[PDB]
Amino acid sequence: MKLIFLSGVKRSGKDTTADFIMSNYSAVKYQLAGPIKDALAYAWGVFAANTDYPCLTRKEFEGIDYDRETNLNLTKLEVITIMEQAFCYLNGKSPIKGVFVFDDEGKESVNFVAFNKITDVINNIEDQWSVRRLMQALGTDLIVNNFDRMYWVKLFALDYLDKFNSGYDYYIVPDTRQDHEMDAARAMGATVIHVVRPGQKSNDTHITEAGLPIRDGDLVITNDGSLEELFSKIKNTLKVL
């Protein structure tokens, strides 16, 4: 099995490459933001449970026929509540440093110190709450930035360890968005492929929308033409590995 980490801003051709690889090769995929979306879909169902709030499922957090930039018109209190349920969920997958979950009859809550950092972080976010902003907030604003910078790489490692030994040719991580994820990837001997559209940018200022640095050893596919030109570049890049 060959481990590949893909890197590319929105609409750079990176998502196209990911799909080209998944449909033309024996590949298994793992999304770093996978568990972010599972935790939010779970928290949401706990939050919108017996409310008149719309039912958002994993598919919607996946963006399947749902615009994740849609304003959900939520209050900072609602958002804090959701983040606390998302944390209780994640803590059952892998312990978040400094977080404890307590039960009061099917009512899960985090410890005060953790609940207090959630509150402070959320209270200072003035953006409107979309599925997209909730992903950015859970992933980065809270966890990476305040509890465990390597949590999402840790969950990828547990998955990889379950699968490195199977019959797939490739193991792809298509959504690398933080430099430290790239650092872990290079350390583990992953091939890092950047898909770049000559002089283009991310229309989101969140750190997870920023273009990742190209370091020595990284491969770069310049998407400066047609689609088959891209498909050819992909084929010849992989043929080499």
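Numbers for residues come from their place in the sequence shown, where the first is 1.
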property	result
74-82 versus 104-112 - which carries the larger mean C-alpha B factor in the record	104-112
Mean C-alpha B-factor comparison - 47-55 and 186-194, higher one	47-55
Residue, from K201, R215, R177, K29, that the PDB entry assigns the highest Cα B-factor	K201
Residue with maximal Cα B-factor (values as given in the PDB entry) among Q128, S94, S166, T140	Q128
Cα B factor band for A41 (lowest, middle or highest third within the chain)	middle
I4 CA temperature factor, ranked by third within the chain	middle
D224, C-alpha B-factor rank within chain (lowest, middle or highest third)	highest
B-factor third for the C-alpha atom of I207 within its chain	middle
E181 by Cα B-factor - lowest, middle or highest third of the modelled chain	lowest
